[PDB]
Structure formats: structure tokens, C-alpha cells
Amino acid sequence: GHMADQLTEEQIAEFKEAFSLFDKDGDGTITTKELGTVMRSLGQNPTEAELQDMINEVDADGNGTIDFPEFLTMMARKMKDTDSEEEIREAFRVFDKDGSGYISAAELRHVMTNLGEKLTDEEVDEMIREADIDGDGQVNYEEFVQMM
Ligand SMILES: [Ca+2]
Ligand SMILES: [Ca+2]
Ligand SMILES: [Ca+2]
Ligand SMILES: [Ca+2]
């Protein structure tokens with residue numbers, strides 16, 4: 001069988017109830033009105049245009065609303081995304097061996113060396129310099145997030 005079918009109908013019904021947090025009239029799609037409702041419940045207040053722009057960047061079939069599949073797709077990407085931030089933070093820590101919040105040439109020297117590379121001091125210092133944005137001689141976490 002398939003793991004997806006390893007639930008009960010009452011359980012799928014219950015899973016579907018959770019969608020109603022956003023899909024308040026229960027019809028199976030989120031409208032701009034419903035999403036505006038949710039936003040305003042969080043203290044925000046966007047326009048019809050802004051609400052239609054949020055919806056559009058998740059609206060896979062083009063019909064102007066968010067069904068439960070699109071929502072779950074959107075959520076899964078979000079969940080994988082926050083994990084990718086956890087691990088860029090993890091990676092910053094590995095480079096920043098002294099936990100000072102800033103990566104030195106020395107610290108980048110070290111990691112590069114332990115990763116195989118055989119670059120010069122200049123080439124490594126050419127990295128810190130190319131990566132710096134506040135000219136402080138070190139690489140804070142944000143200049144590090146610029147590792148695209
Ligand atoms: Ca609805
Ligand atoms: Ca849709
Ligand atoms: Ca450091
Ligand atoms: Ca810096």
C-alpha cells in the first residue's frame with residue numbers, strides 16, 4: 001500500500017478541519033477575504049491587491065484561491081525553508097570556531113583547509129574582503145548568509 005492511505009476517514013476529516021483555520025466558510029478554498037480575516041487576526045491589515053498578491057504566489061492552478069493541496073505545498077516549502085535557516089546558522093557556527101559572532105581570515109583559512117582546498121592567504125583574504133559589507137575585517141552572520 002501507500003503510507004498516504006494509512007489514515008482513517010475520521011482522521012482525514014480531522015486533518016481537513018485544521019484547514020478551516022484559513023478556510024472559514026468550509027468550502028475548500030481560501031479567498032482574499034478569508035486571508036484578510038486571518039491577517040487582521042494577527043494584527044496586520046493588507047489591501048485586496050496585497051491579499052491577491054500573496055494568494056497569487058501560491059495559487060498553482062491559477063483560479064484565484066488557495067485550496068488545501070496548494071496550502072499544504074506552501075507550508076511544506078516553508079517548513080523545509082526554516083530548516084535550511086537552522087542549518088545555515090549551524091554552518092556559521094562551524095566557521096566561527098571561537099563563537100565571537102564574526103568569521104576571521106584565520107577561521108576561514110582553517111575551514112577551507114579542512115575541506116580540502118589549498119588556497120593562499122591572499123585568496124582566502126580575497127574572500128573575506130569580497131564578502132565584507134561593513135568593512136570591519138570580519139564576516140558577521142549576514143555577510144555569511146550572502147553565500148549564495
Ligand atoms: Ca473558503
Ligand atoms: Ca488555486
Ligand atoms: Ca570568530
Ligand atoms: Ca563584516
# chains A, B, ... in the order shown; residues from 1 in each chain; ligands from 1
>>> residues_near_ligand(ligand="ligand 2", cutoff="10 Å", atoms="only C-alpha atoms and all ligand atoms", output="PyMOL selection string")
chain A and resi 29-31+55-56+58-71
>>> residues_near_ligand(ligand="ligand 3", cutoff="6 Å", atoms="only C-alpha atoms and all ligand atoms", output="list in words")
residues 96, 97, 98, 99, 100, 101, 102, 103 and 104 of chain A
>>> closest_atom_pairs(of="chain A", to="ligand 4", cutoff="6 Å", atoms="only C-alpha atoms and all ligand atoms", output="JSON lines")
{"residue": "A:132", "atom": "CA", "partner": "ligand 4", "partner_atom_place_in_ligand_line": "1 (Ca)", "distance": 4.7}
{"residue": "A:133", "atom": "CA", "partner": "ligand 4", "partner_atom_place_in_ligand_line": "1 (Ca)", "distance": 5.7}
{"residue": "A:134", "atom": "CA", "partner": "ligand 4", "partner_atom_place_in_ligand_line": "1 (Ca)", "distance": 4.8}
{"residue": "A:135", "atom": "CA", "partner": "ligand 4", "partner_atom_place_in_ligand_line": "1 (Ca)", "distance": 5.7}
{"residue": "A:136", "atom": "CA", "partner": "ligand 4", "partner_atom_place_in_ligand_line": "1 (Ca)", "distance": 4.9}
{"residue": "A:138", "atom": "CA", "partner": "ligand 4", "partner_atom_place_in_ligand_line": "1 (Ca)", "distance": 4.6}
{"residue": "A:139", "atom": "CA", "partner": "ligand 4", "partner_atom_place_in_ligand_line": "1 (Ca)", "distance": 4.1}
{"residue": "A:140", "atom": "CA", "partner": "ligand 4", "partner_atom_place_in_ligand_line": "1 (Ca)", "distance": 5.0}
>>> residues_around(residues="residue 110 in chain A", least_positions_apart="2", cutoff="12 Å", atoms="only C-alpha atoms", output="number ranges by chain")
A: 94-98, 103-108, 112-121, 124
>>> closest_residue(among="A:72, A:1, A:27, A:37", to="residue 51 in chain A", atoms="only C-alpha atoms")
A:37
>>> atom_distance(atom1="CA of residue 76 in chain A", atom2="CA of residue 11 in chain A")
19.6 Å
